[PDB]
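Just below is one structure, and these are the notes that go with it.
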Amino acid sequence: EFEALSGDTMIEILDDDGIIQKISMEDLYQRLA
Amino acid sequence: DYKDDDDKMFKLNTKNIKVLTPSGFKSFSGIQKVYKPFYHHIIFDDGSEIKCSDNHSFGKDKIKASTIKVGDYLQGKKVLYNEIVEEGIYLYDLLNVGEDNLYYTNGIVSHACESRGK
């Protein structure tokens with residue numbers, strides 16, 4: 001139904017400029033805010 | 001009785017952000033924020049942990065938290081702790097990651113939820 005990860009779960013992303021950064025899932029949400 | 005409209009904001013990935021997956025850096029459609037009244041707190045011999053829902057799938061084999069028992073190995077990492085903690089928590093997931101739906105979370109391959117697809 002939902003089944004997600006906790007906000008403190010760390011992920012590794014690549015931003016638009018091509019920047020790799022490790023951030024928490026919730027921080028990613030705030031990044032798209 | 002029950003409603004799942006808590007924090008139904010949802011953020012679209014219109015910033016061209018990608019997440020590192022087994023398939024490489026892949027673009028996800030967006031991220032959802034949900035409220036979960038209980039979750040699993042799993043800790044591995046690797047030292048890393050994961051806090052996710054019950055029927056949240058990890059690897060491509062649709063491996064869900066509730067099917068994992070202490071002593072098993074998840075993607076090469078032995079689960080030493082897997083407690084079902086029944087506390088309301090805010091949870092986040094990525095919708096449709098590239099064309100694989102697998103992505104790295106806490107050094108663990110997780111399976112993304114799908115909002116796109118029929």
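Chain identifiers are assigned as A, B, and so on, following the order in which chains appear in the structure tokens; residues are numbered from 1 within each chain, and ligands are numbered from 1 in order of appearance.
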
List the spatial neighbours of stretch 20-30 of chain B as a PDB file with C-alpha atoms, in the first residue's frame - criterion: any atom at most 12 Å away, only C-alpha atoms, same-chain residues fewer than 2 positions off excluded.
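Saved as out_10.pdb:
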ATOM      1  CA  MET A  10      20.791   7.318   3.720  1.00  0.00           C
ATOM      2  CA  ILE A  11      20.782   7.334  -0.060  1.00  0.00           C
ATOM      3  CA  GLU A  12      23.339   8.391  -2.636  1.00  0.00           C
ATOM      4  CA  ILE A  13      22.083  10.758  -5.293  1.00  0.00           C
ATOM      5  CA  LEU A  14      23.237  12.591  -8.372  1.00  0.00           C
ATOM      6  CA  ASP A  15      21.998  16.161  -8.698  1.00  0.00           C
ATOM      7  CA  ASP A  16      21.352  18.138 -11.893  1.00  0.00           C
ATOM      8  CA  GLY A  18      26.183  16.084 -11.782  1.00  0.00           C
ATOM      9  CA  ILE A  19      26.926  16.301  -8.093  1.00  0.00           C
ATOM     10  CA  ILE A  20      27.013  13.061  -6.133  1.00  0.00           C
ATOM     11  CA  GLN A  21      25.873  13.403  -2.542  1.00  0.00           C
ATOM     12  CA  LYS A  22      24.770  11.079   0.232  1.00  0.00           C
ATOM     13  CA  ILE A  23      21.653  12.345   1.971  1.00  0.00           C
ATOM     14  CA  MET A  25      15.487  10.021   2.413  1.00  0.00           C
ATOM     15  CA  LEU A  28      15.732  14.276  -0.363  1.00  0.00           C
ATOM     16  CA  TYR A  29      12.094  15.174   0.254  1.00  0.00           C
ATOM     17  CA  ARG A  31      15.452  18.828  -1.430  1.00  0.00           C
ATOM     18  CA  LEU A  32      12.460  18.526  -3.723  1.00  0.00           C
ATOM     19  CA  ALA A  33      10.486  20.927  -1.566  1.00  0.00           C
TER      20      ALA A  33
ATOM     21  CA  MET B   9       1.828  16.197  -0.153  1.00  0.00           C
ATOM     22  CA  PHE B  10       4.156  14.208  -2.449  1.00  0.00           C
ATOM     23  CA  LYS B  11       7.120  15.859  -4.173  1.00  0.00           C
ATOM     24  CA  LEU B  12       7.770  15.500  -7.892  1.00  0.00           C
ATOM     25  CA  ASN B  13      11.343  15.090  -9.079  1.00  0.00           C
ATOM     26  CA  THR B  14      11.435  18.148 -11.322  1.00  0.00           C
ATOM     27  CA  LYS B  15      15.012  18.893 -10.287  1.00  0.00           C
ATOM     28  CA  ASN B  16      16.557  16.185 -12.486  1.00  0.00           C
ATOM     29  CA  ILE B  17      17.875  14.280  -9.489  1.00  0.00           C
ATOM     30  CA  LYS B  18      18.924  10.658  -9.798  1.00  0.00           C
ATOM     31  CA  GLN B  32       6.129  10.057  -1.328  1.00  0.00           C
ATOM     32  CA  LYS B  33       5.698  10.903   2.343  1.00  0.00           C
ATOM     33  CA  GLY B  59      16.068  -6.865  -3.547  1.00  0.00           C
ATOM     34  CA  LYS B  60      14.751  -7.811  -6.982  1.00  0.00           C
ATOM     35  CA  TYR B  92       9.493   8.201   2.534  1.00  0.00           C
ATOM     36  CA  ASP B  93       9.946   6.269  -0.737  1.00  0.00           C
ATOM     37  CA  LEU B  94      10.938   6.920  -4.352  1.00  0.00           C
ATOM     38  CA  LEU B  95       8.411   6.295  -7.099  1.00  0.00           C
ATOM     39  CA  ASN B  96       9.549   4.442 -10.223  1.00  0.00           C
ATOM     40  CA  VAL B  97      13.340   4.455 -10.203  1.00  0.00           C
ATOM     41  CA  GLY B  98      14.644   4.422 -13.748  1.00  0.00           C
ATOM     42  CA  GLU B  99      13.518   1.171 -15.287  1.00  0.00           C
ATOM     43  CA  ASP B 100      14.614  -1.174 -12.505  1.00  0.00           C
ATOM     44  CA  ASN B 101      13.001   0.112  -9.285  1.00  0.00           C
ATOM     45  CA  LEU B 102      16.048  -1.013  -7.315  1.00  0.00           C
ATOM     46  CA  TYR B 103      18.126   1.571  -5.428  1.00  0.00           C
ATOM     47  CA  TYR B 104      20.751   1.777  -2.679  1.00  0.00           C
ATOM     48  CA  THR B 105      19.464   2.561   0.802  1.00  0.00           C
ATOM     49  CA  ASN B 106      21.942   2.353   3.712  1.00  0.00           C
ATOM     50  CA  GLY B 107      24.117   0.093   1.575  1.00  0.00           C
ATOM     51  CA  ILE B 108      21.090  -2.122   0.979  1.00  0.00           C
ATOM     52  CA  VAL B 109      19.277  -2.563  -2.324  1.00  0.00           C
ATOM     53  CA  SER B 110      15.675  -1.491  -1.812  1.00  0.00           C
ATOM     54  CA  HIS B 111      12.646  -1.778  -4.107  1.00  0.00           C
ATOM     55  CA  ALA B 112      10.809   1.404  -5.048  1.00  0.00           C
ATOM     56  CA  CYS B 113       7.035   1.778  -5.118  1.00  0.00           C
ATOM     57  CA  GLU B 114       5.345   2.246  -8.485  1.00  0.00           C
ATOM     58  CA  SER B 115       2.937   5.087  -9.184  1.00  0.00           C
ATOM     59  CA  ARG B 116       3.532   4.852 -12.919  1.00  0.00           C
ATOM     60  CA  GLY B 117       2.302   1.785 -14.754  1.00  0.00           C
TER      61      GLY B 117
END

Please run DSSP on the backbone and report, as a PDB file with N, CA and C atoms, in the first residue's frame, all residues within stretch 5-42 of chain B that come out as strand (DSSP E or B).
ATOM      1  N   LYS B  11       6.244  14.949  -3.450  1.00  0.00           N
ATOM      2  CA  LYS B  11       7.120  15.859  -4.173  1.00  0.00           C
ATOM      3  C   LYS B  11       7.576  15.238  -5.485  1.00  0.00           C
ATOM      4  N   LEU B  12       7.354  15.958  -6.575  1.00  0.00           N
ATOM      5  CA  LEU B  12       7.770  15.500  -7.892  1.00  0.00           C
ATOM      6  C   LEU B  12       9.236  15.820  -8.126  1.00  0.00           C
ATOM      7  N   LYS B  18      18.884  12.091  -9.593  1.00  0.00           N
ATOM      8  CA  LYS B  18      18.924  10.658  -9.798  1.00  0.00           C
ATOM      9  C   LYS B  18      19.477   9.985  -8.559  1.00  0.00           C
ATOM     10  N   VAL B  19      19.173   8.717  -8.400  1.00  0.00           N
ATOM     11  CA  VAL B  19      19.642   7.963  -7.255  1.00  0.00           C
ATOM     12  C   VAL B  19      20.511   6.804  -7.728  1.00  0.00           C
ATOM     13  N   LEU B  20      21.547   6.488  -6.961  1.00  0.00           N
ATOM     14  CA  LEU B  20      22.467   5.429  -7.338  1.00  0.00           C
ATOM     15  C   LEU B  20      21.802   4.077  -7.154  1.00  0.00           C
ATOM     16  N   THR B  21      21.677   3.350  -8.246  1.00  0.00           N
ATOM     17  CA  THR B  21      21.080   2.035  -8.220  1.00  0.00           C
ATOM     18  C   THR B  21      22.069   1.000  -8.749  1.00  0.00           C
ATOM     19  N   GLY B  24      22.925   1.833 -12.031  1.00  0.00           N
ATOM     20  CA  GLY B  24      23.565   3.125 -12.184  1.00  0.00           C
ATOM     21  C   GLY B  24      22.714   4.235 -11.610  1.00  0.00           C
ATOM     22  N   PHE B  25      23.123   5.478 -11.809  1.00  0.00           N
ATOM     23  CA  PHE B  25      22.319   6.611 -11.372  1.00  0.00           C
ATOM     24  C   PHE B  25      21.072   6.724 -12.232  1.00  0.00           C
ATOM     25  N   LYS B  26      19.922   6.503 -11.622  1.00  0.00           N
ATOM     26  CA  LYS B  26      18.670   6.477 -12.358  1.00  0.00           C
ATOM     27  C   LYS B  26      17.693   7.515 -11.839  1.00  0.00           C
ATOM     28  N   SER B  27      16.899   8.050 -12.753  1.00  0.00           N
ATOM     29  CA  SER B  27      15.934   9.082 -12.430  1.00  0.00           C
ATOM     30  C   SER B  27      14.658   8.470 -11.869  1.00  0.00           C
ATOM     31  N   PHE B  28      14.211   8.989 -10.742  1.00  0.00           N
ATOM     32  CA  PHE B  28      12.959   8.557 -10.153  1.00  0.00           C
ATOM     33  C   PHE B  28      11.888   9.612 -10.411  1.00  0.00           C
ATOM     34  N   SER B  29      10.636   9.173 -10.448  1.00  0.00           N
ATOM     35  CA  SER B  29       9.522  10.040 -10.820  1.00  0.00           C
ATOM     36  C   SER B  29       9.215  11.049  -9.713  1.00  0.00           C
ATOM     37  N   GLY B  30       9.377  10.618  -8.473  1.00  0.00           N
ATOM     38  CA  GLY B  30       9.107  11.483  -7.344  1.00  0.00           C
ATOM     39  C   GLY B  30       9.291  10.764  -6.030  1.00  0.00           C
ATOM     40  N   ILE B  31       8.919  11.417  -4.942  1.00  0.00           N
ATOM     41  CA  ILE B  31       9.055  10.831  -3.620  1.00  0.00           C
ATOM     42  C   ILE B  31       7.776  11.037  -2.813  1.00  0.00           C
ATOM     43  N   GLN B  32       7.356   9.999  -2.105  1.00  0.00           N
ATOM     44  CA  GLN B  32       6.129  10.057  -1.328  1.00  0.00           C
ATOM     45  C   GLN B  32       6.440  10.133   0.162  1.00  0.00           C
ATOM     46  N   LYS B  33       5.602  10.849   0.893  1.00  0.00           N
ATOM     47  CA  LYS B  33       5.698  10.903   2.343  1.00  0.00           C
ATOM     48  C   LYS B  33       4.448  10.286   2.945  1.00  0.00           C
ATOM     49  N   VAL B  34       4.629   9.222   3.697  1.00  0.00           N
ATOM     50  CA  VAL B  34       3.506   8.504   4.272  1.00  0.00           C
ATOM     51  C   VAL B  34       3.679   8.347   5.774  1.00  0.00           C
ATOM     52  N   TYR B  35       2.584   8.082   6.460  1.00  0.00           N
ATOM     53  CA  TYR B  35       2.628   7.823   7.882  1.00  0.00           C
ATOM     54  C   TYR B  35       2.410   6.339   8.130  1.00  0.00           C
ATOM     55  N   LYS B  36       3.335   5.724   8.843  1.00  0.00           N
ATOM     56  CA  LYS B  36       3.261   4.300   9.124  1.00  0.00           C
ATOM     57  C   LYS B  36       3.205   4.078  10.632  1.00  0.00           C
ATOM     58  N   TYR B  39       6.815  -0.279  12.099  1.00  0.00           N
ATOM     59  CA  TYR B  39       7.871  -0.541  11.138  1.00  0.00           C
ATOM     60  C   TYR B  39       8.863  -1.555  11.692  1.00  0.00           C
ATOM     61  N   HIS B  40       9.759  -2.021  10.836  1.00  0.00           N
ATOM     62  CA  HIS B  40      10.779  -2.975  11.246  1.00  0.00           C
ATOM     63  C   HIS B  40      12.114  -2.273  11.390  1.00  0.00           C
ATOM     64  N   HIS B  41      12.774  -2.499  12.511  1.00  0.00           N
ATOM     65  CA  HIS B  41      14.106  -1.962  12.722  1.00  0.00           C
ATOM     66  C   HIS B  41      15.121  -3.084  12.570  1.00  0.00           C
ATOM     67  N   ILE B  42      15.718  -3.157  11.396  1.00  0.00           N
ATOM     68  CA  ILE B  42      16.636  -4.234  11.069  1.00  0.00           C
ATOM     69  C   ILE B  42      18.081  -3.759  11.145  1.00  0.00           C
TER      70      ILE B  42
END

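Put simply, atom CA of residue B:70 is 25.2 Å away from atom CA of residue A:24.
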